[PDB]
Each structure stands twice: as C-alpha cells, then as structure tokens.
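Below you'll find the structure, written out as structure tokens, and then a few comments.
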Amino acid sequence: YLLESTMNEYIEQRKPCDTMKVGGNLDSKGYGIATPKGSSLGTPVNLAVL
Amino acid sequence: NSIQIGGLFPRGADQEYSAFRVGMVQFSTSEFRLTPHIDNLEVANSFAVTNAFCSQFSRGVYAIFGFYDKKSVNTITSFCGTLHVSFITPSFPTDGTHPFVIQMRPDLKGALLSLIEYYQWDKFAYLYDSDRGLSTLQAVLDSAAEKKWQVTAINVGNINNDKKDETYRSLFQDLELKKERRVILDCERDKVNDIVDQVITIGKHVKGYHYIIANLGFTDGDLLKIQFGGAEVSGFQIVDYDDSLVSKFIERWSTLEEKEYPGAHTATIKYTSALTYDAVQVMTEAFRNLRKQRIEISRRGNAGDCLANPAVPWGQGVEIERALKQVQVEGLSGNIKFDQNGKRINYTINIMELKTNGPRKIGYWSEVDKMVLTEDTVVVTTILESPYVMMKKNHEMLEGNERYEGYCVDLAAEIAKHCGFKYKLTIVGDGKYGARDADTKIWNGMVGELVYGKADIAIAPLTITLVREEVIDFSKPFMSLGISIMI
Amino acid sequence: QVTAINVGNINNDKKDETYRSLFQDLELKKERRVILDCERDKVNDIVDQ
Amino acid sequence: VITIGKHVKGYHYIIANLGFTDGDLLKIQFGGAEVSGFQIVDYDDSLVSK
C-alpha cells in the first residue's frame, strides 16, 4: 500500500510494529494550507508559515 | 413661590459654582423660584462647616446643597440626622445608611472590581489617596483574599510639594524591585496629573505597563501626555458626550463667557461639576412634585438656632426627603434612580480605554449586570488523521475546541494566533481527501468545503498539485515528503 | 504577604456563620499567623469564636 | 522622544554639539537610556568658576 511518507513513518513507530517503510521517497509533494484564491488570510499566513 | 435653600461651596471650586448657576437659569420655571444664598468656605475645616451650617439653619432653609470632604463628612451626617435637614451632594458616598443625605455621585467599587477580572490580573499595585475615604481600598482588600490577588497598596497622599520628585522615584524604584507592571491609580484630578507627570519623567509608560485611573473622570485630566506612550490606560466615565442631551449641554457650555462663568468655555466638563448641574434638576423636580401632591410645608415659624436644648426637629422635613428619594429623571450621567438610603441605583458607567486616536468606549457597567463589553472568523475544514488531528479520550469530558489535538492542531493554533484569527475546526467526515473528479469535476472532501466557499482556512496534510493550485491559493509546504511503500 | 480583612461590620445576628466563614477561607489557604487590631469587646468576641 | 516613550533602557543618544548641559536635560535624566555628549566649558575650572 503506497502512501504518504511521514504517515507511513508514524505507523512504524506506533506499536503494532508490523509495518515497514521500505526503499525511500518516490516523489516530492508539499503540505500547504489551503486558502481561498486571493485569500483574506493567505499573505499573513505565508510569512507566518515561514 | 420663592423656595429658599442654602449653598456651601469650597474656596476655589470655580467650575462647580458656574455649573450651579447654569441649572439655576435653565431649570428655573415660571411657577416657582429657588433662592440659592450661597456661602464660601474651606471644606476641610469642620469648625468652618459647622458655623456655616448653623448660619443657614438660623436663616431657615428647606434643603442644602454643598460639598463635604473626608475631614468633615461626619459633621454633616450627624447634623442632617439631628435637625432633619436634607442634604444633596456630589461628593464621595458615605458608607452606611444615612438619612437625609442625597449622594449624587454613583458608587464605583463594583465597576472597579469587575474590570480587574476582565483583564485577568493576579498581581498589581494600588496607589491610593486618603482624601476620599478608604472605602475603595477596603473593598479591594476584602476582594483580594477570596480571589487570590497580591495587592501592594501604597498610600501617596501624605507628600509635601517640596519633596514630591524625590519620593515618587523612591516610590516606583520599589515597584521595579517587585517588577510591578500593573497599577491602579485611585485619586482625584490633581494627584493623577502629578503622578502621570512623574510616571513620564522616569519613563514608566512604555508598552508592558497598564494603568487604571479609578475615578469618574477619565477624560477629565490631561491625557495627551500618555496617549502615545505604549502602556494601555483604562478608566471610568459617567458623562458620555455621544448622548444628545449631553451634546445639547456642551454646545451651550462651550459658548459661555469666561468672566461671567469661569471655566465654562471649554470642550469638556468635569464629572464633579456635571453632577452639580444634575442636582439642580433634582432639586427643582422635588418642588414640582411637592405642590403637585399639595403638601404645603411652609414652616414660616422661626427655625431658631442649631444649639437648642433639647434640639427639636420639624416634621415637614420628613416630607421633603421622601420627595427627594422618589425622583427618577434624566440628566448628564443618565438614569438618576435613588434608594431609601440616598445612594444611586440603576445607573451606567462607561468603561473607557485609551487608544492612540483617543478615548474609546469598550462598554458600560450596571448593577443588574456587570461590565457589558459593548464592542463595535475563520472556519477550519480538515480531517482527523494521526498524529495530525486526533479525537481525545476526553471527548464528552473536555468540551470546547481542545476536543481535538495533534500535530496539525498545534500548527493550526500557531497559524491562527500569529496571524490574529481564532480557529474553528469542523471535520467533514466523508473521508475523501478530494480532487477534481472525472466527468463531473466536483471537489469532494476538504476542497469541497474550501473551493465552494463553505470554509475559509484549511490546515490539513493536503497536497499542492497543479490542478489544486489553479482553483485556490496555497501556503508554503509544511514538510518535504514523498510516496512511500508500506508492507 | 498581608491578608487584611475587615471584621468591623459584623453584626450580632450572623456571627457564627461569618466568623466561621473567614477562618475556613484562611484554612483554605492555611494561614497560620493572625494579628488582631480590635477593642476588647471585639477581641473576646473573636477568641470565643 | 519622551512623548512616544523612546528613552527607556535599551536606547542611546549622542547630542552632537558643544553644549551638552546647555539644553534642558532633567527630562531625560531618569529615563534609562544612556545619553552622551560634548562640552567645552568645564565648570570645574577655577577661571570658569570665577
């Protein structure tokens, strides 16, 4: 079952312990806050994220 | 019908004396006349209060308007209990149940106590003055025990002008060793303007400090000199200029003549002189109501002296105060409603706070209700995933918005408060992360709330893709990741 | 750390409910040291309580 | 400087002219910000004191 990396990493440290992350990353994706297009909050968020 | 009353005014109480005559001209009616017979005195000398009291009682009056002080208040409240002569006054409220005394000043101590929990204070100082009694001090020392405060109350009144500046440095150098950021000032005008001039000179009005000027004139004293400092200054005021009846007065008040009325041509009026104008309405309202009930109380029998053995009252004095307590009119401060005691009830006190544009109004206070915070966001769409958003074991136990926790939940709370908002997490439990569907192009899950405008912010482990980027804006990536195999 | 409490306004009807009221509030803090600034009529009233 | 409250500790000023005690200086004596300056007329000299 292919999925997100740190989601796969969390189940490996949680203790049913029968899961395994093998190989490495196969892509690069980003976890960003979804804001409206032309957001009322995004430009304050964009620095406060950074 | 020339009703004769008496006046006991302090020496140098100029604006109250002008505000006395303003009501005498306006609230003069065609059907009766009020005879002032004003005397001038020094109000702290209880000899001088006494022979000025017995002079007017030798003249014969129906009521007496005048001021008292702390060093003369029991000379007043004893005589008005004895000779049954009612006494209307704007001074500080006497503690107890005193007959024949009309306090025109509202109480303060409930509003002052209500303000402190609004700022949620635990440790503060309290600079008080002895001139207005110790009633406000005794209330907050009663309140500091049961509600866990650390009140460092310091008397400040006994300071001579030759050594003011040496003392106030020595005052506030003590508070820095205590690291006090919060101060309640509890004084009249002059001791506020002295202390604020000493706060500025040592530089103790920058951001990080907070002050509460605990009297009824917040805009009364000079306030420009700490308007731009950085320390937030709160306060209390009963005379709201946004009211029309006040505005009708001020436009009359500003136009007056200086040598005819000293201190009249101003933009603001002080609360002490404001109640002075308010009482002449109340004094006039009684003798309207008295003849309307047709209780002729013309005691033309000679009053004699005050040193009678035994001193005898006159039972038409009992008639007067019942009319004085049963008056509900409107004036500059608001609803003037009395008790059986002589104290005011059903009144409003405007909690005002000082911003850089000036005094604003963040609400009002009452007896029935506390500080009424008369003022004048984002909706988080997400999904619960471990350890981003997690459903707590204290689901039914812990209520509110800490019912979900996790890594995303901290970062959502970090991103709302550094921007300024407060979060509203509501999870659509459809389970689908959401994308632009085939053949119908409906955003399914969290994007179904976000693109269609049913939510504002979405703090979630969501992937920024090309067709994701087109419809709605994104932030920067939280972390760098990839597709990973799980076996 | 002074806790100053007015005991002056206590009246004769409500003595055993009010003199019991503040000492438990002292006992909710465990105050151990008391100064009495009263006259002997109020002092012997307090010592009885 | 005083009215906006910018003479607390953390600040420093240098009044760059030849009269340092010439202007009014009491109003920032007790602030917290260190104020330096320049003066040519020393009153500790006898001929000045005369």
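Chains as they are written, first to last, in the deposited numbering: chain A, 702 to 751; chain B, 10 to 385, 394 to 504; chain C, 159 to 207; chain D, 208 to 257.
For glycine and all other residues, C-beta sits at the position ideal for the given N, C-alpha and C.
| Asked | Found |
| --- | --- |
| Reference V58(B); option with closest CA among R30(B), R198(B), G15(B) | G15(B) |
| 8 Å contact criterion, which residue 528(B) and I163(B) should meet: CB distance rounded | Here chain B covers residues 10 to 504 and nothing more, so residue 528(B) does not appear. |
| Chain A within 8 Å of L467(B), Cβ atoms only | yes |
| Minimum Cβ-Cβ distance from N164(C) to chain B less than 8 Å | yes |
| Distance, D378(B) Cα to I360(B) Cα | 13 Å |
| Chain-ordered neighbours of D183(C) on chain B, where CB pairs are closer than 7 Å | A154, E155 |
| Within 9 Å of chain D by C-beta, residues of the stretch 212 to 240 of chain B in sequence order | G212, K213, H214, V215, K216, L233, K234, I235, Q236, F237, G238, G239, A240 |
| Beta-carbon proximity check, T145(B) vs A223(B), cutoff 8 Å | yes |
| Limits of the unbroken beta strand (DSSP E) element including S243(D) | 241 to 244 |
| Cα-Cα separation, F237(B) to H214(D) | 13 Å |
| Beta-carbon gap between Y280(B) and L225(B) smaller than 8 Å | yes |
| Closer than 8 Å to chain A by CB, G499(B) | yes |
| Candidates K268(B), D231(B), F227(B), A283(B): closest to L254(B) by CA position | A283(B) |
| Close Cβ partners of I209(B) (< 8 Å) along its chain, the five nearest in sequence each way excluded | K234, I235, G238 |
| Inter-residue spacing [alpha-carbon to alpha-carbon] between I459(B) and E487(B) | 14 Å |
| Through-space distance from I306(B) to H93(B), alpha-carbon basis | 14 Å |
| Assigned exposure category for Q349(B) - 16 Cβ within 10 Å defines buried | exposed |
| Endpoints, the beta strand (DSSP E) within which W374(B) is located | 367 to 374 |
| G446(B), enclosing alpha helix (DSSP H) - first and last residue | Here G446(B) belongs to no alpha helix (DSSP H), and DSSP marks it neither H nor E. |
| Selected residue, minimal CA-CA separation from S100(B), among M113(B), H107(B), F109(B) | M113(B) |
| Interface residues of chain B facing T161(C) [CB-CB closer than 8 Å] | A153, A154 |
| Chain D within 8 Å of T210(B), Cβ atoms only | yes |
| Opening and closing residue of the beta strand (DSSP E) in which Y137(B) lies | 132 to 137 |
| DSSP state of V338(B) mapped onto helix, strand, coil | strand |
| Unbroken beta strand (DSSP E) run spanning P271(B), endpoints | Counting along the chain, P271(B) falls outside any beta strand (DSSP E), and DSSP gives it neither H nor E. |
| Same chain, Cβ closer than 6 Å to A148(B), five either side skipped, listed in chain order | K118 |
| Simplified DSSP assignment, three categories, for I85(B) | helix |
| CB contact flag (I734(A), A433(B), <8 Å) | no |
| CA-to-CA distance, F227(B) to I354(B), given in whole angstroms | 21 Å |
| Within 8 Å, strictly: CB atoms of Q337(B) and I329(B) | no |
| Contact set between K738(A) and chain B, taken where Cβ atoms lie within less than 9 Å | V468, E487, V488, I489, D490 |
| Cβ-based burial, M721(A) [other Cβ within 10 Å; buried from 16] | exposed |
| Anticipated Cβ contact below 8 Å, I111(B) with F88(B), distance rounded | 15 Å between Cβ atoms; not a contact. |
| Cα-Cα separation, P478(B) to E126(B) | 39 Å |
| Sufficient close CB pairs (3 or more, under 8 Å) joining the stretch 128 to 142 of chain B to the stretch 196 to 203 of chain B | yes |
| Extent of the continuous alpha helix (DSSP H) to which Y26(B) belongs | 23 to 35 |
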